[PDB]
Amino acid sequence: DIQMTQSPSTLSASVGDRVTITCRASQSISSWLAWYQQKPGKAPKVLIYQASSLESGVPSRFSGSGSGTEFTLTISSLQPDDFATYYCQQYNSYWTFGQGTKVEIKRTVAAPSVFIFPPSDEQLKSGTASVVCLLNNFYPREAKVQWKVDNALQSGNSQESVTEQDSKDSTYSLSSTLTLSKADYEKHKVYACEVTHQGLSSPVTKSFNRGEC
Amino acid sequence: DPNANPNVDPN
Amino acid sequence: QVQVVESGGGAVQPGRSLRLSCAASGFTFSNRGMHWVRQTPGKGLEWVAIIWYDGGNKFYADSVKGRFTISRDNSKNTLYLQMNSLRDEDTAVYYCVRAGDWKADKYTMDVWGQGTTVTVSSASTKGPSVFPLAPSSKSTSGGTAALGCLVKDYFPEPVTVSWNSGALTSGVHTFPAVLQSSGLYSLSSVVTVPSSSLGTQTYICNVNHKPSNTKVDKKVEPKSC
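Protein chains in written order, with my numbering: chain F, 5 to 217; chain Z, 145 to 155; chain Y, 67 to 291.
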């Protein structure tokens with residue numbers, strides 16, 4: 005069985021940079037090497053076959069080179085849509101893949117827009133209160149999100165999730181969800197989300213009072 | 145050969 | 067468009083069986099070889115099986131020999147994968163992939179489907195609850211309004227969310243699910259729209275949890291606060 009090894013495992017580059025991904029085969033595979041591109045939650049798409057042939061519809065900035073045991077995928081001018089993981093694959097003997105190279109994109113600082121959502125009346129009827137704080141389209145990914153309930157900092161009742169980098173503006177978005185029982189939610193009035201980020205001169209706080217919506 | 149042509153091959 | 071669509075993935079107990087299907091469109095299915103490939107975060111992409119266009123020649127990875135069987139129905143444009151004696155290490159996203167037809171000595175694969183998730187587990191399947199994230203003054207800024215849908219308490223993964231039956235895609239963020247302490251998943255999908263048109267435009271989130279065959283369409287109504 006033929007093992008494929010890629011390098012590097014992760015790389016960060018700016019728009020317009022030339023990106024070079026290497027792939028090494030444990031034994032000679034001649035020119036039987038394919039390159040695929042995969043975005044999070046999405047299916048791989050073929051970019052190059054026979055080491056250097058560009059598939060129909062693939063941008064010309066993707067170029068493939070090599071033979072035998074050493075192969076290279078080159079992105080001449082990196083674009084925001086090139087955020088993805090790239091996999092090489094030998095098809096000399098069965099089909100085996102490299103471990104993949106994640107390409108992340110550096111860009112300018114972008115402050116988040118902050119939104120807050122009280123729990124729905126439908127969910128409150130069911131006995132649970134989910135309060136959602138949204139941070140939309142920011143960079144870099146590092147952000148501090150704190151929940152305050154009646155001006156008291158919360159701990160242990162929130163969960164965050166962040167998106168992958170956006171294919172167009174290379175930003176992140178993030179949700180922080182505060183979950184309480186209906187009984188606990190009704191014991192307090194002010195619910196607030198405070199956001200700290202490099203793009204904000206001072207923290208931004210969005211808040212509501214239970215019962216006004 | 146598993147890597148041989150698995151599609152219709154008219155020629 | 068050349069398209070393949072996997073179906074059948076869900077929660078399955080260790081030792082039991084599950085059959086996956088793949089529906090092909092946009093090309094002559096009867097003339098193409100087909101693959102099954104699976105993916106995990108750790109072990110990565112792993113080829114599973116291949117079948118010739120006429121359903122004759124079949125090859126399998128050693129990891130699934132004697133347990134998995136590939137087949138196809140050219141009259142129904144469908145590829146199948148019968149998986150028996152399932153183990154924990156069989157949990158993965160399973161892709162159906164078309165064989166490439168580039169003229170050469172060796173052959174591989176070109177077009178992949180969206181995938182279907184097989185989760186080997188003793189836990190029970192649970193469909194989600196969907197709640198609106200209604201736009202209001204507290205989710206409006208700079209002339210832009212945010213709104214969405216909360217999809218809570220489901221198992222196994224995944225849930226998919228579209229907006230307006232797929233006609234609405236700009237500005238949508240569907241977050242990766244989080245694992246709650248109960249063992250159930252939850253996610254949200256949000257979108258930013260003009261605040262000026264909340265009164266005239268209709269925004270409906272389409273939640274599909276195929277493992278439980280749960281489909282929910284929720285119209286997100288603006289709140290007057």
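For each residue, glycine too, the CB sits at the ideal point set by N, CA and C.
Interface partners of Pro-146/Z on chain F, CB under 7 Å:
Locating residue 146/Z in the second sequence gives position 2, where the first residue counts as 1. Chain F residues near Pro-146/Z: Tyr-98.
Which residues bound the alpha helix (DSSP H) around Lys-186/F?
The residue given as residue 186/F occupies position 182 in the first sequence. Residues 186 to 189.
So is the beta-carbon of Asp-153/Z under 7 Å away from any non-hydrogen atom of the ligand COA?
Although the ligand COA was asked about, the structure shown includes no ligands whatsoever.
Measure the C-alpha to C-alpha separation of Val-113/F and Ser-151/Y and round it to an integer number of angstroms.
Counting from one through the first sequence, the residue named residue 113/F turns up at place 109. Counting from one through the third sequence, the residue named residue 151/Y turns up at place 85. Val-113/F and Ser-151/Y have their alpha carbons spaced roughly 51 Å apart.
Distance between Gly-208/Y and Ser-261/Y (C-alpha atoms, nearest Å)
Here the question's residue 261/Y lines up with position 195 in the third sequence. Here the question's residue 208/Y lines up with position 142 in the third sequence. So the two alpha carbons sit approximately 9 Å from each other.
Strictly by DSSP, which residues pair up with residue 295/F?
Given that chain F is displayed from residue 5 to residue 217, the structure contains no residue 295/F and the question cannot be resolved.
Taking 8 Å as the cut-off, decide whether the C-beta atoms of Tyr-126/Y and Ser-96/Y are in contact.
To locate residue 126/Y, count along the third sequence from 1; it is residue 60. To locate residue 96/Y, count along the third sequence from 1; it is residue 30. Result no, Cβ atoms of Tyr-126/Y and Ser-96/Y do not sit closer than 8 Å.
Starting from the beta carbon of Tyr-173/Y, find every residue of chain F whose beta carbon is closer than 7 Å, and list them in chain order.
Position 107 of the third sequence holds residue 173/Y. Ordered by position in chain F, the residues that pass the 7 Å Cβ test against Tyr-173/Y are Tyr-95.
Is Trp-118/Y close to chain Z? Criterion is C-beta to C-beta, closer than 8 Å.
If you number the third sequence from 1, residue 118/Y lands on position 52. Interface residue, yes.
Report the neighbours of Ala-165/Y on chain Z: residues whose CB is nearer than 7 Å to its CB, in chain order.
For this step, residue 165/Y is matched to residue 99 along the third sequence. Going along chain Z in sequence order, the residues near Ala-165/Y (Cβ under 7 Å) are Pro-150, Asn-151.
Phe-125/Y: contacting residues in chain Z (beta-carbon distance under 9 Å)
Here residue 125/Y refers to the residue found at position 59 of the third sequence. In chain order: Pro-146.
Within the continuous beta strand (DSSP E) that includes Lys-49/F, where are the two ends?
What you label residue 49/F is simply residue 45 of the first sequence in a count that begins at 1. Per DSSP, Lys-49/F belongs to the beta strand (DSSP E) from 49 to 53.
Have a look at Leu-145/Y and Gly-122/Y and give me their C-alpha separation to the nearest angstrom.
Here the question's residue 145/Y lines up with position 79 in the third sequence. Here the question's residue 122/Y lines up with position 56 in the third sequence. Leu-145/Y and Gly-122/Y have their alpha carbons spaced roughly 13 Å apart.
Please confirm if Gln-69/Y has its CB atom under 8 Å from at least one CB of chain F.
In the third sequence, counting from the first residue as 1, residue 69/Y sits at position 3. For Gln-69/Y, the answer is no, since every Cβ of chain F falls outside 8 Å of its Cβ.
What residue from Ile-52/F, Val-118/F, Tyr-98/F has the CA that sits closest to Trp-168/Y's CA?
As a first step, residue 168/Y must be located in the third sequence, where it is residue number 102. For the set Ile-52/F, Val-118/F, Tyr-98/F, the Cα lying nearest the Cα of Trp-168/Y is the one of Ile-52/F.
DSSP state of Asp-85/F mapped onto helix, strand, coil:
Reading the first sequence from its first residue, position 81 is the one you call residue 85/F. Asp-85/F falls in the helix class under three-state DSSP.
Close-in-space but distant-in-sequence residues of the same chain around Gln-158/F (CB under 8 Å, 5 per side omitted):
Taking the first sequence and counting its residues from 1, one reaches residue 158/F at position 154. The answer, listed in chain order, is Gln-150, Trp-151, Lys-152, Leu-182.
For the 8 Å Cβ check, are there 3 or more pairs between the stretch 123 to 135 of chain F and the stretch 98 to 112 of chain F?
Not touching, per the Cβ criterion.
So, under 8 Å CB-CB, residue 10/Y and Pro-107/Y are touching, yes? Tell me the CB distance rounded to an integer number of Å.
Nothing about residue 10/Y can be reported from this structure: the residues present for chain Y run from 67 to 291 only.
Roughly how far, in whole angstroms, is the beta-carbon of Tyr-95/F from the beta-carbon of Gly-104/F, given that I think they are within contact range, below 8 Å?
As a working note, residue 95/F is residue 91 in the first sequence. As a working note, residue 104/F is residue 100 in the first sequence. Contact doesn't hold; Cβ gap of about 17 Å is too wide.
Taking C-alpha atoms, which residue in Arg-164/Y, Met-149/Y, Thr-235/Y lies nearest to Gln-69/Y?
Taking the first residue of the third sequence as 1, we reach residue 69/Y at position 3. Among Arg-164/Y, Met-149/Y, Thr-235/Y, the Cα nearest to that of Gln-69/Y belongs to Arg-164/Y.
Hey, how far is the Cα of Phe-197/Y from the Cα of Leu-213/Y?
Within the third sequence, residue 197/Y is the residue found at index 131, counting from 1. Within the third sequence, residue 213/Y is the residue found at index 147, counting from 1. Rounded to whole angstroms, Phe-197/Y and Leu-213/Y show a C-alpha spacing of 11 Å.
Pairs of beta-carbons, one from the stretch 71 to 82 of chain F and one from the stretch 19 to 37 of chain F, closer than 8 Å: are there three or more?
At 8 Å Cβ cutoff, the stretches touch.
Please report how far the alpha carbon of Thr-258/Y lies from the alpha carbon of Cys-271/Y, in whole angstroms.
Within the third sequence, numbered from 1, the residue matching residue 258/Y stands at position 192. Within the third sequence, numbered from 1, the residue matching residue 271/Y stands at position 205. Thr-258/Y and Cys-271/Y: Cα-Cα distance of roughly 13 Å.
Taking Cβ to Cβ, would you say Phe-121/F is nearer than 8 Å to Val-136/F?
The sequence position of residue 121/F within the first sequence is 117, counting from 1. The sequence position of residue 136/F within the first sequence is 132, counting from 1. A distance below 8 Å separates the beta carbons of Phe-121/F and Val-136/F.
Just to confirm before moving on: does the CB-CB distance between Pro-222/Y and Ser-187/Y stay below 8 Å?
Within the third sequence, the letter at position 156 stands for residue 222/Y. Within the third sequence, the letter at position 121 stands for residue 187/Y. Contact flag set, yes.
Within 8 Å (strictly less), CB to CB, does residue 344/Y reach chain F?
Residue 344/Y lies beyond the range of chain Y shown here (67 to 291); nothing can be said about it.
Of the residues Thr-209/F, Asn-213/F, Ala-55/F, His-192/F, which one's Cα is nearest the Cα of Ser-32/F?
Position 28 of the first sequence, counting from 1, holds the residue named residue 32/F. The shortest C-alpha separation from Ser-32/F is found at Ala-55/F.
Verify the CB distance criterion: does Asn-97/Y have a CB-CB separation below 8 Å to chain Z?
What you label residue 97/Y is simply residue 31 of the third sequence in a count that begins at 1. Interface residue, yes.
Is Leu-86/Y closer than 8 Å to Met-149/Y when the C-beta atoms are compared?
To locate residue 149/Y, count along the third sequence from 1; it is residue 83. To locate residue 86/Y, count along the third sequence from 1; it is residue 20. Their beta carbons are under 8 Å apart, which means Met-149/Y touches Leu-86/Y by this criterion.
Output needed in chain order: residues of the stretch 81 to 95 of chain F with a Cβ under 8 Å from some Cβ in chain Y.
Going along the stretch 81 to 95 of chain F in chain order, one finds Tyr-91, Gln-93, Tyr-95 with a Cβ nearer than 8 Å to chain Y.
Helix, strand or coil at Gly-232/Y [DSSP, three-state]:
Within the third sequence, numbered from 1, the residue matching residue 232/Y stands at position 166. For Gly-232/Y, the secondary structure class from DSSP, reduced to helix, strand or coil, is helix.
Please list the terminal residues of the continuous beta strand (DSSP E) segment that includes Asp-283/Y.
On the third sequence, position 217 is the one that residue 283/Y refers to. 280 to 285 is the extent of the beta strand (DSSP E) around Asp-283/Y.
For the beta strand (DSSP E) that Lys-289/Y lies in, which residues bound it at each end?
Stepping through the third sequence from its first residue, residue 289/Y is reached at position 223. DSSP places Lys-289/Y in no beta strand (DSSP E); its state is neither H nor E.
With 16 other Cβ atoms within 10 Å as the buried cut-off, status of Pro-207/F
Stepping through the first sequence from its first residue, residue 207/F is reached at position 203. Sixteen is the threshold: since fewer than 16 other Cβ atoms of the shown chains lie within 10 Å of the Cβ of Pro-207/F, the residue is exposed.
Looking only at C-alpha atoms, which of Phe-75/F, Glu-216/F, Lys-210/F sits nearest to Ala-196/F?
Here residue 196/F corresponds to residue number 192 of the first sequence, with the count starting at 1. Residue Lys-210/F is the option with its Cα nearest to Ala-196/F.
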